[PDB]
Structures are given as structure tokens and as C-alpha cells.
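> Based on what follows, work out the 3D shape:
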Amino acid sequence: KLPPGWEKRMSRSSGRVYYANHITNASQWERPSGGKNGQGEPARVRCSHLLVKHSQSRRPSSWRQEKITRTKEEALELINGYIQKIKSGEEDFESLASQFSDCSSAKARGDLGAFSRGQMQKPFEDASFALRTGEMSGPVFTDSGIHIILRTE
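Residues are numbered from 1 along each chain as shown. Pasting the structure now:
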């Protein structure tokens, strides 16, 4: 059972029986979905994302700040913060993307439109294609920085 990338695991804290995905870095208590060996994988998907860059990003510069100086570690803590606010409903994805994304797509609520296999950096692509419409990833790492991907179509 269990769709691509999903492994059962056991978290400290308690009898955290939970589910995690090694492609998307998503985690959750709930079992992923249903008896249909596949579903396949669309030729195309549509995703938004929120990018936080750091000093080791291939371009330490964004519309939000000319010289980015945060460390990969600091950026990772920020992603975790936003993921917390998002998962709790305090703030929504589009809102934090518009405000804090270091991608120019910030001004599109983070929307990147539809794409295929081949077009995006591979971990982003692998994660986007492992998500299902509606699902959000954990922190995803690329040469740009650290992403949160929301799959919209």
C-alpha cells in the first residue's frame, strides 16, 4: 500500500506512529490515501511555492533583499516556522508566499503555473510530482534554496 515516497515511521514524543514521505518531506499522522495499483502520474502538474534563500543559494539576492546573508540553517528554521503557521491555519500559504518568498513568483501568490518533467530543478520536480492536488510538501532543497511546494492542479 502507500503511494510513492510514503513510509510509516515512529516519532519520539510518543507512540508517534505517523507517515512521512522521502520525496516531499511531508509528514502527517493520517494515512495518505485508500486499491488501484498506480493512479499513474500526470504529464503535467501545477504548483505554487515559497522560497527562502540563503548565503549558499546560487543567487544570494532577491526582490526582498539585495544581499541575502542567512545561513542554510537559519533559512531552514524560517521554512519550519511558515510550515507551522500554515499547518495551524494562523496564516495561509498564499499569504506567506506573497510576503516572504525570495522568488519573483511571490507577486503571484507563489503560483508557477503548469509544468512537465524536465523543466524544473529535479528535487522540486520530484516533489511536485509526488504531491497530489491539494497537498503541501515539507522543506525541499534545491540550488535556489529551501522550498515549500503546494500542488494546485
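> didn't residue 119 look like it was pressed against residue 125?
Yes: between residue 119 and residue 125 a contact is recorded at 7.2 Å, counting by C-beta atoms under 8 Å. Where C-beta positions appear, they are placed from N, C-alpha and C, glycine not excepted.
> how near is the residue lying farthest from the centre of the chain to residue 1?
In the chain, residue 35 marks the outermost C-alpha relative to the chain mean, sitting 26.7 Å out by C-alpha atoms, centre = their mean. According to C-beta to C-beta, to the nearest Å, residue 35 and residue 1 sit 9 Å apart.
> ok, now residue 14?
As defined by C-beta to C-beta, residue 14 lies at a distance of 24 Å from residue 1.
> For those two, indicate the residue with more neighbours.
Neighbour comparison, residue 14 and residue 1: the larger count goes to residue 1, with 10 against 7 (by other C-beta atoms under 10 Å).
> Does residue 22 touch residue 5 like I think?
Yes: judged on C-beta under 8 Å, residue 22 makes contact with residue 5 at a distance of 5.4 Å.
> With neighbour numbers in mind, choose between the two.
Neighbours were counted for residue 22 and for residue 5 using other C-beta under 10 Å; residue 5 has more, 17 against 13.
> residues near the spatially closest residue to that one that is not a sequence neighbour, how many?
In space, residue 5 comes closest to residue 23 once its chain neighbours are excluded; the distance is 3.7 Å by C-beta to C-beta, 6 or more residues apart in numbering. By other C-beta under 10 Å, 18 other residues sit near residue 23.
> list the contacts for residue 23?
By C-beta atoms under 8 Å, 6 or more residues apart in numbering, residue 23 lies in contact with 4, 5, 126, 127, 130.
> Give me the distance between the fourth one and residue 29.
Put plainly, it is residue 127. Counting by C-beta to C-beta, the gap from residue 127 to residue 29 is 20 Å.
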